[PDB]
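Okay, so here's the structure we're looking at.
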Amino acid sequence: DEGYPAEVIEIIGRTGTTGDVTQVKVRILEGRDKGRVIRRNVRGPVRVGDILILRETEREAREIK
Amino acid sequence: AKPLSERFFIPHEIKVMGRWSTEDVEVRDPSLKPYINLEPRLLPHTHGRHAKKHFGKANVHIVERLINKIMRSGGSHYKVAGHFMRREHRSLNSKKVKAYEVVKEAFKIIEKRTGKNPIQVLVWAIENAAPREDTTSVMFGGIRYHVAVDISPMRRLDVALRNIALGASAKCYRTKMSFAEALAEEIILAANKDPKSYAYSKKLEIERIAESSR
Amino acid sequence: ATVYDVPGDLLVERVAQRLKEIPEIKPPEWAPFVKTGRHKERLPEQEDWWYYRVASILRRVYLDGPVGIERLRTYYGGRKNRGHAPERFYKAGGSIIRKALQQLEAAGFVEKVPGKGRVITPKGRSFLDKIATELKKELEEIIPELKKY
Amino acid sequence: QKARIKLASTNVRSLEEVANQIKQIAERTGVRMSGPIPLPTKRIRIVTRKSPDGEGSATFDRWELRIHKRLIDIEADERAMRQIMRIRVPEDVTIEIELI
Amino acid sequence: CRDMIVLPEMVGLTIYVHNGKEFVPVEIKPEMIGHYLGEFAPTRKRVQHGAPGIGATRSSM
Amino acid sequence: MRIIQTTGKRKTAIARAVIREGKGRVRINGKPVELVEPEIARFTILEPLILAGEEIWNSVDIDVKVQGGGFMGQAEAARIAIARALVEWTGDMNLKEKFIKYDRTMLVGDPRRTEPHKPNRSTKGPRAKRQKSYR
Amino acid sequence: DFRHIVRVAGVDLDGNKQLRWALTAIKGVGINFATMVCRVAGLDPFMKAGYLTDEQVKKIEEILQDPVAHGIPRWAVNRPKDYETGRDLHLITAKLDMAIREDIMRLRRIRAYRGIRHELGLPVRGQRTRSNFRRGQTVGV
RNA sequence: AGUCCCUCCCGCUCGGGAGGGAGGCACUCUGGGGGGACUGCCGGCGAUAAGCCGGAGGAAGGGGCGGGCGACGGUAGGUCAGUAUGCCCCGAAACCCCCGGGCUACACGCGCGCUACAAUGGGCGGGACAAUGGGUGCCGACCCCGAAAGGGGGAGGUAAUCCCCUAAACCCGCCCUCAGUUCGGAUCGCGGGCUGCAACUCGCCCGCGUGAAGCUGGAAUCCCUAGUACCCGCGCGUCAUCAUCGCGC
Ligand SMILES: [Mg+2]
Ligand SMILES: [Mg+2]
Ligand SMILES: [Mg+2]
Ligand SMILES: [Mg+2]
Ligand SMILES: [Mg+2]
Ligand SMILES: [Mg+2]
Ligand SMILES: [Mg+2]
Ligand SMILES: [Mg+2]
Ligand SMILES: [Mg+2]
Ligand SMILES: [Mg+2]
């Protein structure tokens with residue numbers, strides 16, 4: 001109901017129709033799957049060390065080249 | 001009207017506008033914590049030296065961010081609450097003094113009505129108005145579809161501030177309410193998760209649309 | 001204390017109130033029916049605007065003398081709305097300023113320096129500075145930092 | 001008992017040569033001369049349309065002419081006055097002398 | 001002389017004022033005092049529009 | 001009888017400041033700094049003094065002459081001149097260190113100037129242009 | 001005392017408005033002329049119109065009858081140097097309307113240029129007519 | 001700015017201001033010469049090369065920022081109505097002067113703009129701060145007359161010296177309180193002026209009066225990355241008079 005915080009640890013690359021989306025690797029900080037590393041798609045400027053609030057932690061973005 | 005003790009006000013400590021201290025204001029959200037600047041500072045006017053460098057806006061006091069946000073016309077090329085609002089030659093563009101006065105009076109009203117520190121109320125409002133998930137558009141067969149993605153913290157802060165400013169601007173357009181009163185009302189409503197707040201309703205709609213298209 | 005130690009508008013208000021005791025200061029007969037410049041639109045609303053204008057002119061002469069009619073006309077100009085055309089700056093009229101200066105000279109507050117304009121007499125300087133001192137004495141009761149000056 | 005000399009030219013180097021000649025003339029004699037004062041430069045700027053007709057995008061030329069000036073004060077000494085009266089200036093320098 | 005001012009002593013006469021191609025007659029009345037002669041000799045013909053031609057609208061080009 | 005002079009510049013505004021031993025009186029073109037309006041302009045000048053502290057503030061007298069530019073441009077030039085005069089007078093590097101942390105521009109100045117205009121709607125700006133139409 | 005409706009010179013005036021703005025409802029009286037007559041009559045222009053007494057109304061109407069005789073400058077009336085009598089006059093409402101109509105009729109009788117322009121309903125003071133002043137319907141091709 | 005002298009004000013003068021004269025080149029400014037930044041230093045990636053990414057110091061950091069200069073050619077792109085020029089035509093008119101008209105017409109379609117549709121305001125009184133340029137067929141301070149536009153004299157200036165030249169947005173106090181209104185000022189009546197040989201067609205300015213459409217704009221579509229865009233005024237060109245324009249500040 002409040003989401004789970006995750007920390008960005010690596011930047012993969014830009015994607016999307018107009019280069020508006022970045023793909024990152026994050027580590028869950030809290031919850032059932034705390035500690036796991038998964039990849040996600042982010043909209044907006046982002047750098048290593050930022051914290052995202054994921055509403056659920058079972059969807060993983062498809063890998064890009 | 002205004003007392004002479006207020007027209008000629010002399011501060012003696014480093015605090016926001018010489019009237020409010022940000023020593024006890026706390027940010028609950030861990031994602032927005034490093035992006036809401038609360039360092040001690042008297043005058044919130046940095047003369048726009050931050051826009052040059054990437055991520056430079058991180059170290060700009062939040063009150064100056066709000067002042068810059070409301071220093072606008074409001075409805076130039078998209079409709080807010082069903083109307084264009086083109087202020088044109090009677091807008092607040094480049095008039096940073098008037099925006100300063102508007103924000104100061106709004107803070108006074110907020111403190112009078114709720115009895116709390118205005119900066120804390122502003123922090124609560126922006127925490128409640130910041131979305132957590134958004135969507136991007138794809139085109140297939142001549143039809144436009146949505147795909148859900150996540151939002152970085154700085155964009156969350158920017159969207160929250162812009163929506164607060166837009167709601168305040170809409171509340172005082174061709175009505176009897178003044179700009180300062182509308183801003184105070186919008187902040188108070190957003191702080192209490194009241195659906196009548198423009199920013200809170202916009203956040204709810206954004207999150208619902210993003211959820212329904214995962 | 002001097003004129004430089006007090007805000008201008010408050011001093012003008014006090015001086016305008018005081019000037020009503022001088023028998024030589026009287027509005028002319030055409031005062032009720034005129035505007036203060038071609039860039040204005042409606043007549044003055046205060047029933048005693050003459051004294052305010054005279055006090056402002058006196059304080060102006062104190063600070064920038066010697067000065068003549070044309071420069072004062074430039075000072076009291078402003079922006080004019082021209083209907084469908086863009087706004088423009090314009091000067092003020094001449095009768096008001098000339099009559100005010102003549103009355104002030106008759107009262108002994110200003111004098112005429114040939115080829116240069118009008119300057120403030122010692123009597124007028126004392127007259128302004130005494131009021132300024134009184135105003136500053138009142139003002140520092142609520143702003144303690146003014147005691148140093 | 002003092003003379004005032006005004007120099008103006010469109011070339012800086014010739015002006016410097018004439019000023020240095022006057023300075024040396026004053027040096028080789030017992031006479032006080034206030035240094036050459038540089039007065040502000042005159043700029044003449046003219047902006048014109050380039051094309052002869054009116055078709056096409058509008059583009060402009062900005063032509064400029066610069067005029068430099070110097071000022072020199074020297075006390076009237078007949079021994080030194082004759083020397084500066086006989087010095088020959090280039091055709092692109094204007095000189096005027098007056099007694100104050 | 002289209003710029004001559006009508007004077008009281010001119011009342012009662014008839015004057016032919018050039019209008020560009022011809023002299024038109026004007027009979028001076030007392031209420032004409034103070035006006036120019038050219039005010040009574042129009043120089044343009046009244047306009048009666050015909051049907052708009054090709055190129056009068058975007059779709060006619 | 002120490003007298004120190006300093007200079008400040010900000011987009012065509014020039015300020016010259018003189019600092020000496022005194023009682024704490026500061027004047028801008030003859031006016032006491034406490035009467036400067038609007039408030040946003042007054043706070044710009046007062047920041048270096050507030051950072052310095054009350055003890056230093058009440059021990060010196062400063063007189064500033066500023067010309068050119070606008071009301072906001074003149075305030076910043078005076079602020080720069082006052083900061084430089086303060087750091088040079090007391091000559092302690094703890095105060096100098098504090099100024100750099102709070103605002104670097106207090107001591108190094110601001111080199112920004114207006115950009116010259118160009119054709120195609122010259123009067124509006126160097127980069128603003130006339131609206132383009134195709135039919 | 002207070003009356004919500006006061007009639008002056010055949011026009012009913014609001015009683016809640018300031019006298020200077022209330023008097024502007026009369027055709028032929030603007031804000032400046034109203035202030036002039038208020039000052040001449042010895043009445044505060046900021047008083048409510050609803051506190052007028054009958055003698056004051058009579059005085060105001062008398063002033064409006066012949067302002068020049070009561071000290072209003074000759075360059076402030078709305079018809080100086082009358083075409084028939086040669087005097088300086090101020091007209092209001094029906095008399096003003098008929099005077100304007102008479103002026104236009106005089107222009108029309110002598111077949112002057114301005115008279116023709118009035119008859120045809122076209123601009124009179126030298127405007128261009130190719131682009132603006134369009135009032136009609138589009139004509140097709 | 002510090003130092004000296006004279007005069008005048010204030011809380012009566014311990015103190016604090018303003019002018020004037022001596023005096024000075026400190027500060028600002030003006031204009032000649034010179035210094036300063038080079039991927040030079042540090043850590044990574046790449047090949048150990050070319051380079052790229054991130055830091056230290058620094059007024060300035062990676063074409064430091066903004067301009068000038070547009071290759072061989074093409075576009076049968078525009079210009080013979082700026083000037084030069086071949087051919088063909090008029091050559092007592094298609095050459096040269098003078099007077100009066102027109103380019104300014106008006107059911108209508110379109111481009112670029114200005115002013116607004118109001119409180120992120122309108123009005124009235126008062127208080128603040130510029131830069132670029134221009135001046136002898138001219139810029140004109142200062143005095144007098146007039147309500148305004150204007151009128152009569154007139155110092156200084158061939159100009160870092162005299163003048164244009166005490167900008168507006170902004171700030172303080174009072175009136176209006178969401179209304180086609182104290183919003184908007186188109187249109188028209190009467191009167192007063194200036195330039196000019198001449199103001200009707202066909203000029204610009206001022207006073208009083210009158211008070212149109214317009215309550216935020218469909219499908220579409222334009223400009224802009226930092227002292228930039230938005231908002232605010234000013235100078236020059238054109239010019240006897242006339243700027244909703246161009247180029248600049
Ligand atoms: Mg003013
Ligand atoms: Mg307006
Ligand atoms: Mg610009
Ligand atoms: Mg060709
Ligand atoms: Mg061709
Ligand atoms: Mg044409
Ligand atoms: Mg044609
Ligand atoms: Mg209005
Ligand atoms: Mg005409
Ligand atoms: Mg409305």
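Letters A, B, ... are given to chains in the order of the sequence lines, protein chains preceding strands, and every chain is numbered from 1.
In this structure, NE2 of G:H90 is placed 13 Å from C1' of H:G189, rounded to the nearest angstrom. Distance, F:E115 CD to H:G248 P: 12 Å, rounded to whole Å. One can place CZ of C:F89 at 14 Å from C1' of H:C232, the figure rounded to the nearest angstrom. Across the protein-nucleic acid pair, C:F127 atom CZ and H:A18 atom P stand 22 Å apart, rounded to whole Å. Computed from coordinates, the C:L11 CG to H:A128 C1' distance equals 16 Å when rounded to whole Å. What separates CE of B:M71 from P of H:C230 is a distance of 14 Å, to the nearest Å. Residue F:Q67 contributes atom CD, which lies 8 Å from atom P of H:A131 at whole-angstrom precision.
Judged by the 3.5 Å cutoff on both pairing distances, H:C45 and H:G51 qualify as a Watson-Crick or G-U wobble pair. H:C170 and H:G68 are not base-paired: they meet neither the Watson-Crick nor the G-U wobble geometry with both distances under 3.5 Å. Judged by Watson-Crick and G-U wobble geometry, where both atom pairs must sit under 3.5 Å apart, H:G209 and H:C188 count as a base pair.
Residue-level contact check: C:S126 touches the backbone only, with heavy atoms under 4.0 Å from sugar-phosphate atoms and none from bases. Within 4.0 Å (heavy atoms only), C:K99 reaches sugar-phosphate atoms of the nucleic acid but no base atom. Using a 4.0 Å heavy-atom criterion, one finds that C:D48 contacts no nucleic acid atom at all. Nucleic acid contact for F:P119: sugar-phosphate only, since backbone atoms but no base atoms lie under 4.0 Å from a heavy atom of the residue. Within the nucleic acid shown, G:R101 has no heavy atom closer than 4.0 Å to any nucleic acid atom.
Because its glycosidic torsion is within 90° of 0, H:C38 is reported here as syn. In this structure, H:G140 shows a glycosidic angle more than 90 degrees from zero, which is the anti conformation.
For the OP1/OP2 pair of H:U201 and a distance below 4.0 Å, the side-chain nitrogens and oxygens of G:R117 include no atom meeting the criterion. Of the side-chain N and O atoms in F:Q131, one or more sit less than 4.0 angstrom from OP1 or OP2 of H:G113. The side chain of E:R2 places an N or O atom within less than 4.0 Å of a non-bridging phosphate oxygen (OP1 or OP2) of H:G101.
Of the residues near RNA chain H, C:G94 and C:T36, the one whose nearest nucleotide (by heavy atom distance) lies more toward the 5' end is C:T36.
Pairing for H:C245 goes to H:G237, judged as Watson-Crick or G-U wobble with the two contacts each under 3.5 Å. Both distances falling under 3.5 Å, in either a Watson-Crick or a G-U wobble arrangement, occur for no nucleotide opposite H:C80.
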Problem set entry | Evaluation steps, ring-ring contact (aromatic ring centres under 6.0 Å, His included), between C:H39 and C:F89 | CA-CA 8 Å; C:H39 66 293; C:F89 178 86; 7.6 Å; no

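Of the two grooves, the minor groove is the one C:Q46 reaches, taking side-chain heavy atoms under 5.0 Å from the groove's base N or O atoms.
Centroid-to-centroid, the aromatic rings of G:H90 and G:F33 come within less than 6.0 Å.
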